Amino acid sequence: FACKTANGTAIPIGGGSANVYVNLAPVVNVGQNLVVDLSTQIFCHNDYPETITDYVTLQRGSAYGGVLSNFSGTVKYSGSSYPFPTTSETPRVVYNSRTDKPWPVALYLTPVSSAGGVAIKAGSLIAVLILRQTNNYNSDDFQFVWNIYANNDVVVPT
């Protein structure tokens, strides 16, 4: 089991860390959602699908910078949503193919009432997402750590 990103970086067998850079809607109103879709950013596969079933969770999702200060919301993982920043570990998603498959994670972030002006700065860290991979074969328990950076400013209108 290993993963790759939309910026040409990777994390091998055994886990590790990678940076991910996301284009964000430049204007988000209070009462509306900024959607940060990582399923177009992070992809993984199973290296022995004939024999091994891989299990993948979102173990933890943390907010940073302007997201920490200026937003609240949820994280959607494989069709169900949970509070973000996270308060538990999600259920497992199965990976059962050698073919790249997206990691089905998306943030739904809505501005807090005091947000206004530039609420997320270009280049800043906005989140860290921990993917936990296990399997039905041995005792491997690996963390794939995804550091999520904004490519651009996000403004909350006054």
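Start at 1 with the first residue shown and count on from there. Rigid core (definition): largest C-alpha set, two forms, superposition within 1.5 Å.
Rigid core fits of the other structures in 8 other deposited structures of this protein place the C-alpha atoms of one stretch farther away on average; of 134-142 and 6-14, that stretch is 6-14. Comparing 27-35 with 95-103 by root mean square Cα distance to the shown form in 8 other deposited structures of this protein, with the rigid core used for the fit, gives 27-35 as the more displaced stretch. Averaged over their C-alpha atoms, the temperature factors of 109-117 and 37-45 are higher for 109-117. For the pair 124-132 and 91-99, the mean Cα B-factor is higher in 91-99. In this PDB entry, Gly14 carries a Cα temperature factor that places it within the middle third of its chain's modelled residues.
Among the modelled residues of its chain, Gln59 has a C-alpha B-factor that falls in the lowest third according to the deposited record.
When the CA B factors of the chain's modelled residues are split into thirds, the value for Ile52 lands in the middle one. In the deposited entry, the Cα temperature factor of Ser69 sits in the top third of values across the chain's modelled residues. Sort the modelled residues of the chain by CA B factor and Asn147 lands in the middle third.
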